[PDB]
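Here's the letter readout for the chains.
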Amino acid sequence: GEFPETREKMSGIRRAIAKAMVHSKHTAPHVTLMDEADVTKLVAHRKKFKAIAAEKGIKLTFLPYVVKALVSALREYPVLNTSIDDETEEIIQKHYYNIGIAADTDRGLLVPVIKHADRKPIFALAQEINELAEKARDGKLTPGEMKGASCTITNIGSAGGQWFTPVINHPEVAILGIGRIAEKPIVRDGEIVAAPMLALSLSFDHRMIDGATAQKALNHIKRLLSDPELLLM
Amino acid sequence: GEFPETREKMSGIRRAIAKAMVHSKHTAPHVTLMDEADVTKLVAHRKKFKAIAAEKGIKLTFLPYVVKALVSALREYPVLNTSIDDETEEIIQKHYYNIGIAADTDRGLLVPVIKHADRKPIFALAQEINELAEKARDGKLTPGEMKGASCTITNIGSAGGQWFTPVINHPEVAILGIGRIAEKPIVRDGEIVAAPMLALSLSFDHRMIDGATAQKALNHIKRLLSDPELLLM
Amino acid sequence: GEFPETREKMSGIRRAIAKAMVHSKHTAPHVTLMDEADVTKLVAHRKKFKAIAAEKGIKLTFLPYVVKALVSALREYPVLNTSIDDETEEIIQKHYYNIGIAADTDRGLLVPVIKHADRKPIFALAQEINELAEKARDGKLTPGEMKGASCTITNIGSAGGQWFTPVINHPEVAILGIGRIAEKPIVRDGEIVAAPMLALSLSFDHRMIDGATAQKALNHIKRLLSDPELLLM
Amino acid sequence: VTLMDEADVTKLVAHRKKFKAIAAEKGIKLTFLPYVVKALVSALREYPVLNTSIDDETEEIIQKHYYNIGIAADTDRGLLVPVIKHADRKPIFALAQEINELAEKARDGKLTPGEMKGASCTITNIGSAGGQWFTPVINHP
């Protein structure tokens, strides 16, 4: 009659999503670190190879560089490859680099995993990433492709946004959020110049990783993204 | 004798506040999106009509524009008008636009609600907002005026501040926080210029609204606040 | 054979850390305020007295100024000196200024406390801070030196970083996080200039301290850090 | 059959130079060989016949599906060929480090016999002694 409302049932998809979210919410205290990287060289580098990738049928995005930077951080700061179950003798350290890429789809939140990301080049990752993204979009993923990540990267940047506070998928200890790239005035040396900056948000499980360690891992990533040639070698 | 301490009882007001806060804290995983809007045109527009409002006995603030921008987002992204109770057949979608305005008072946190905000002009909202604010300040609100919101806006900006992390009032799915407006160097086109920026913080319930959707809703709001004429039409 | 994993026991140190963290995570809804202070004068002031401190065997850092600014805020906004236990007649107001300084060590998170911080000068604090830091690093702290804080300051800035989201040590109502200092373009008066900015992150317990109060306390701190002479007098 | 040819390496020289200091800080000596190793892996992948081997019986055409590259060295013990296994999964700095370690092991006779086996292809450097266009003997397998 007035202030109309429509009632709907949670059982179709919402209940399934909530069942997982209601566990993640009290898994651990979570801490997020908000920071920014200067990506001037990254932008220039990706641009330089954009045409080449196109000739090969590969679309470059910045994500493949982020994936490589994360693998490097995971190697330097090995605590990030750990996972924790609830029993006492359950601290697990992985010795491989499997990186999940989150995607928001009509089926909820899916996370395809690139296994052995440590052994792939940038063009190969770009191709695998694009293929997994399409499979996720259409619901064509094999369940075994959504398992085994040591860490996950969540892109919000494709929708715009900065500094969000991603939820750590509960079996892991950290998730890296990626925001948009946009020019901002920065001070470089003695001058105020504009340069593209990438908003980063790192979320970690406080029960295992402390503040200084997480920030150091983030600093590692920031340094590599700002200079792709060192990242590649 | 030394390191003196005074003991007081929680039962006067603190217990009542805590009773509500201790439920909200574990209602859902919450995600906040921190971002900024260029409000150069908004500032100029409000200024232009400041004298007119004064003649009519109306004080303009930026909030009436925020309220209109939120209504527009609520309409474009209808998931934001939903609410969830704990039983399975409890997903409720509202078909009206009732917006709560939070206020910090000596009686705790009050939220007067502007009903049918979708049918009001800017001057009318400014007048209603100011009246509700006074009623809240003095404790003169009728309980029915604090009910029925589809969404709430929390201003911290009147006290200064940026990017806070508002608590979603548990019956709803999102809350919009508003920070201060201040000039910052920005890069506009090819030049570094200063312009007033509004700090925004959007908090949403992860069990229903995903990252991309919340950011899109926020982008909608940012676009409208940056250009009030489109917002009005 | 493939995707190797190593299992380890949580009982050495991790269980102890988790036992505390798993309580703090659901103690209260926590709200963080992210903001920035212009510290141009602070930097210049510390520099001016750097040589003097060195002659006396004292290393100056910015922390002693932060400690004084916090004491001042604690005095102006006395709610910050409170603590809460879980029984009803447990609202405790302290009438002293004991400030904890957090440190990330190989023994987990330690918090030495400077008692009666309100009666110490900057050089004295710098000396006490450095001594406590060394004792914490080596595990030489007396347990009574880790007790009695009214508030805690957490530095992440020594590792780089901005805007983190510190966990309030559960017995208290607020924690102040300190990020790095770095120059950023700012607009000052009518010009775009660069100046060192300090990233601040204030985290508070929503059951006792509201948004406006916490922001006002933060504004107090920001004003004092931007002008050390007023802070000293 | 030998094919004698020449490559313009202006960019290669400039690139190695750029990262020389970095490698030194990490305890890594860069030479051009790590780039040659990567270029060879790429060729082996594009032209897979190069990963084959042949034994003398008829049903002995073997195609490898991995990239193990031998690096020949002339030592006082004769010609040794340490093998970098899974060269396809290593970065330049890592190869430079492995190459230098294998070279030292070969020089001192400290190689484990299993480190001299499994190559799909071998690279022979004569360049360290000067020289152009030599006619290397294909290790028969």
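Per the deposition metadata, cryo-EM was the technique used to determine this entry, at a resolution of 3.7 Å.

(A) Spotlight on the overall build of chain D. Within chain D, the secondary structure is distributed over four helices and seven strands. Reading the helices (α) and strands (β) of chain D from amino to carboxyl end gives α-α-α-β-β-β-β-β-β-α-β. With the C-alpha coordinates of chain D rotated into their principal frame, the extents come out at 50 × 35 × 30 Å. Taken across its 141 residues, chain D has 28% of its residues classed as buried. Across chain D, contacts joining residues at least 24 apart in sequence account for 58% of those joining residues at least 6 apart. Total accessible area computed for chain D in this model is approximately 9800 Å², and 55% of it derives from carbon and sulfur atoms. Here chain D contributes 18 positively and 18 negatively charged side chains, and the mean placements of these two sets differ by 12 Å.

(B) Main features of the overall build of chain A. When you go through chain A residue by residue, the secondary structure sums to seven helices and twelve strands. Taking 2.2 N^0.38 as the reference for a compact globule, 233 residues should give roughly 17 Å; the C-alpha atoms of chain A span a radius of gyration of 19 Å, in line with that estimate. Taking the principal axes of its C-alpha atoms as reference, chain A extends roughly 60 × 50 × 40 Å. Classification of the 233 residues of chain A by burial places 55% in the buried group. Taken together, the 31 basic and 29 acidic charged side chains of chain A have centroids lying 4 Å from each other.

(C) Spotlight on the packing of aromatic side chains. For the structure on display, the rule yields ten aromatic pairs over all chains. Note on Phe3(A) and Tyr96(B): the rings are 5.2 Å apart at their centroids and 70 degrees apart in plane angle, and the pair reads as edge-to-face. Of the two residues, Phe3(A) is situated in the segment before β1 (5-8) and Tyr96(B) in the loop between β4 (91-94) and β5 (99-101); the pairing between them involves two chains. Owing to a relative accessible area of 28%, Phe3(A) belongs among the partly exposed residues under this scheme. Here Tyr96(B) falls in the buried class, since its relative accessible area comes to 6%.

(D) How the structure looks around the pattern of salt bridges. Residues and elements named next belong to chain B. All told, the structure shown has 41 salt bridges over all chains when counted by the stated rule. When the shortest N-O distance is used, the salt bridge between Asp35 and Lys222 registers 2.8 Å. Of this pair, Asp35 sits in strand β2 (residues 30-38) while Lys222 is found in helix α6 (residues 211-225), placing the two residues 187 residues apart along the sequence. Taking relative accessible area as the criterion, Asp35 reaches 1% and is therefore assigned buried.

(E) Representation of helix α1 (residues 14-24) of chain B in the model. All names here are of chain B. Turning to α1, its buried residues are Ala18, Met21 and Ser24. Down the axis of α1, the smallest arc covering the buried residues is 120 degrees, so these residues share one side. Opposite the packed face of α1, turned more than 90 degrees from it, sit the exposed residues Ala16 and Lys19. Looking at the buried positions of α1, the neighbouring elements they touch are β2 and β7 (108-110).

(F) Representation of the relation of the copies chain A and chain C. Structural alignment of chain A on chain C gives an RMSD of 0.0 Å, achieved by rotating through 120 degrees and translating 0.0 Å along the axis. Such a turn and shift between the copies fits a three-fold axis. Residue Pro185(A) of chain A places its C-alpha closer to the rotation axis than any other residue of that unit, at 3.8 Å.

(G) Here's a closer look at a negative patch on the surface. On the surface, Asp85(A), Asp86(A), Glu87(A) and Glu89(A) cluster together into a patch of negative charge. Positionally, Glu89(A) belongs in the loop between β3 (82-84) and β4 (91-94).

(H) The arrangement of the arrangement of the chains in detail. Taking C-alpha atoms only, the smallest gap left between chain B and chain D, which are not in contact, amounts to 32 Å. Chain D makes no contact with chain C, the minimum C-alpha separation between the two being 15 Å.

(I) Local environment of the relation of the copies chain B and chain A. Once turned by 120 degrees and shifted 0.0 Å along the axis, chain B lies on chain A with an RMSD of 0.0 Å. When the interface residues of chain B are mapped onto chain A, a mere 10% of them again fall at the interface, so the copies present different faces.

(J) The sheet that holds strand β1 (residues 5-8) of chain C, seen in detail. Strand order in the open sheet made by the three strands is β3(A)-β4(A)-β1(C), with antiparallel pairing throughout. Looking at strand neighbours, the two that pair on one side only are β3 of chain A together with β1 of chain C, the edges of this open sheet. Within the sheet, the average angular offset between the axes of one strand and its neighbour, ignoring direction, is 25 degrees. When β3(A) meets β4(A), the two strands line up antiparallel, connected through three bridges. Considered in β4(A), the bridge of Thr82(A) is made with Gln93(A).

(K) Molecular detail of the side chain of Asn51(D). Residues and elements named next belong to chain D. Along the chain, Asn51 falls in the loop between α3 (33-46) and β1 (52-54). A distance of 3.4 Å separates polar atoms of two side chains, one belonging to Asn51 and the other to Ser120. Every residue in contact with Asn51, bar those within four places of it in the chain, is listed here: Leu44, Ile62, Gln63, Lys64, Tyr66, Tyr67 and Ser120.

(L) Here's a closer look at the interface of chain B and chain A. If you look at the interface, chain B gives 40 residues, while chain A gives 36 residues. Carbon and sulfur atoms make up 62% of the area that chain B and chain A hide from each other, which totals about 3100 Å². For chain B, the biggest contributors to the area lost against chain A are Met34(B), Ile91(B) and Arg207(B); these three give 17% of the whole. Applying the counting rule to chain B against chain A returns one salt bridge.

(M) Here's a closer look at the interface of chain A and chain C. Facing 40 residues of chain A, the contacting portion of chain C comprises 36 residues. When chain A packs against chain C, close to 3100 Å² is buried across both sides, 62% of that on carbon and sulfur atoms. Three residues stand out in chain A for area buried against chain C, namely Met34(A), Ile91(A) and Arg207(A), and they jointly supply 17% of the buried area on that side. A salt bridge links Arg7(C) to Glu90(A); the shortest N-O distance between them is 2.9 Å. Mapped by element, the contributors of at least two residues to the side of chain A that touches chain C are β2 (30-38), β4, β11 (174-188) and α6 (211-225) of chain A. When residues of the side of chain A that touches chain C are assigned to their parent elements, the largest contribution, seven residues, is made by β2(A). Looking at side-chain class alone, the side of chain A that touches chain C contains 17 nonpolar, 13 polar and ten charged residues. Across four bridges, β4(A) lies against β1(C) in antiparallel orientation.

(N) How the structure looks around α6(A). Across its 15 residues, α6(A) extends 21 Å between first and last C-alpha, which sits within 8% of the 21 Å expected from 1.5 Å per residue. Residues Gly211(A), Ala214(A), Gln215(A), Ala217(A), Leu218(A), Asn219(A), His220(A), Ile221(A), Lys222(A), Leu224(A) and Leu225(A) constitute the buried set of α6(A).

(O) Inspection of the sheet that holds β2(B) at higher detail. Spatial ordering of the open sheet is given by β10(A)-β2(B)-β12(B)-β11(B)-β9(B)-β5(B)-β8(B), a layout of seven strands whose pairing is mixed. Since the sheet does not close on itself, it has two edges, and those belong to β10 (162-164) of chain A together with β8 (113-114) of chain B, each with one partner.

(P) Broad picture of the packing of helix α4 (residues 63-76) of chain B against α6(B). All names here are of chain B. Look at α4 against α6: their axes get within 9 Å of each other, and the N-to-C directions meet at 140 degrees. When the axes of α4 and α6 are compared, the pair comes out oblique. Crossing angle aside, the handedness with which α4 passes α6 is right-handed. Here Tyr65, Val66, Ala69, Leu70, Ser72, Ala73 and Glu76 of α4 come into contact with α6, specifically with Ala217, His220, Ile221, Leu224 and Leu225.

(Q) Structural view of a nonpolar patch on the surface. Residue and element names in this part refer to chain D. Residues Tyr47, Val49 and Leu50 make up a contiguous nonpolar surface patch of about 300 Å² in total accessible area. Position of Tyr47 relative to the elements: it lies in the loop between α3 and β1. Residue classification places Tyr47 among the partly exposed residues on the basis of a relative accessible area of 48%.

(R) Looking closely at the environment of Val167(A). With respect to the secondary-structure elements, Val167(A) resides in the loop between β10 and β11. Residue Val167(A) is classed as buried on the basis of its relative accessible area, which comes to 18%. Separated by 37 residues in the primary sequence, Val167(A) and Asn130(A) have C-alpha atoms spaced 24 Å apart. For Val167(A), the residues in contact, after removing those within four places along its chain, are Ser24(A), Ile175(A), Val31(B) and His206(B).

Conventions used here
Residues numbered from 1 in each chain as written, not as in the entry; some residues may be left out. Chains lettered and ligands numbered in written order. Part of a larger assembly, values for the part shown. Heavy atoms only, no water. Helix = DSSP H or I, 4+ residues; strand = E, 2+ residues; numbered from the N terminus. Buried < 20%, exposed > 50% of the residue type's maximum accessible area, 1.4 Å probe, protein only. Contact = heavy atoms within 4.5 Å. Areas by Shrake-Rupley, 256 points an atom, 1.4 Å probe, with all protein chains shown as cover. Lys, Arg positive; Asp, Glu negative; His and termini not counted. Charge placed at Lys NZ, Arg CZ, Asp CG, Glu CD. Rg over C-alpha atoms; globule rule 2.2 N^0.38 Å. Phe/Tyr/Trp six-rings, centres within 6.5 Å; stacked < 30°, edge-to-face > 60°. Salt bridge = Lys/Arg side-chain N within 4 Å of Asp/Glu carboxyl O. Arc of directions from axis to C-beta. Least-squares fit on C-alpha atoms. Patch = residues over 30% accessible without salt bridge, like charges linked within 9 Å, V, L, I, M, F, W, Y side chains within 5 Å. Pairing = 2+ DSSP bridges. Axes fitted to C-alpha atoms, helices over the stretch in contact; angles between N-to-C directions. Polar contact = N/O pair within 3.5 Å; in protein donor to acceptor, adjacent residues only side chain to side chain. Buried area = accessible area lost by both parts, 1.4 Å probe. Nonpolar A, V, L, I, M, F, W, Y, C, P; charged D, E, K, R; others polar. Expected span 1.5 Å × (residues − 1). Parallel < 35°, antiparallel > 145°, perpendicular 65-115°, else oblique. Left-handed = near helix turned anticlockwise from the far one by under 90°.

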